[PDB]
């Protein structure tokens, strides 16, 4: 991905968030220059837990088809130390027909929430012992309602609705094509994108960046030179 495309994607996403009356903490708008002037001792949690912006094309080269834009609002340490918080929250922008590829988490339990806009389609499979998709029925809770469904069921979450995905449950999601971008909330146990994502297909969760123009914002995986 080009830095220019990342600037453009983030600019559009901030607008989409504003459109839905979503408000972000001040650090969401810090320029790289502003990050450079911070007291690094006070901001360790941001750097350590990778709070902030995340843009990915999932190791492929068509963001519009396979991609996700996220902001990590809060989090705890993967092991529990030194940040004891057991919970994390993200706010995300899923563009019309944009797909997050099939994956499960080893540890993280997450509630994926349609906070507004279009319709979020979520496809679910149990994992078998080979870590492939199994043919067994899935059992999930959608807003406190427990239900069983066929392997590979595609479930529609309308605005307001949420599904709890336990660890080991394979999920893929997209904004239903033509029904508009979706504002997705995720409230979960601690998030660890370095180690806690198992994609059905082998793929890189972060992208390398073609620095073709100056960065307007800093991504959550690139703080290292600001700490």
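Residue numbers count along the first chain shown, from 1.
message: Tell me which stretch has the larger mean Cα B-factor in this entry, 32-40 or 168-176.
response: The recorded data point to 32-40.
- prompt: When the C-alpha temperature factors are averaged for each of 58-66 and 193-201, which stretch ends up with the higher value in the entry?
  reply: Per the PDB entry, the higher value belongs to 58-66.
task: Using the temperature factors in the entry, find which of 106, 71, 83, 87 has the highest value at its Cα atom.
output: Reading the PDB entry, the winner on C-alpha B-factor is 83.
message: Using only modelled residues of the chain, where does the Cα B factor of residue 102 rank: lowest third, middle third or highest third?
response: Lowest third.
message: Per the entry's values, where does residue 214 land by CA temperature factor relative to the rest of its chain, in the lowest, middle or highest third?
response: According to the entry, residue 214 has a C-alpha B-factor in the chain's highest third.
query: If you rank every modelled residue in this chain by C-alpha B factor, which third holds residue 135: lowest, middle or highest?
result: Residue 135: CA B-factor falls in the highest third of its chain.
query: Going by the entry, which third of its chain does the Cα temperature factor of residue 93 land in?
result: Tercile = lowest for this residue's CA B-factor.
message: Going by the CA temperature factor in the PDB record, which third of the chain does residue 208 belong to: lowest, middle or highest?
response: It belongs to the highest third of the chain when residues are ordered by C-alpha B-factor.
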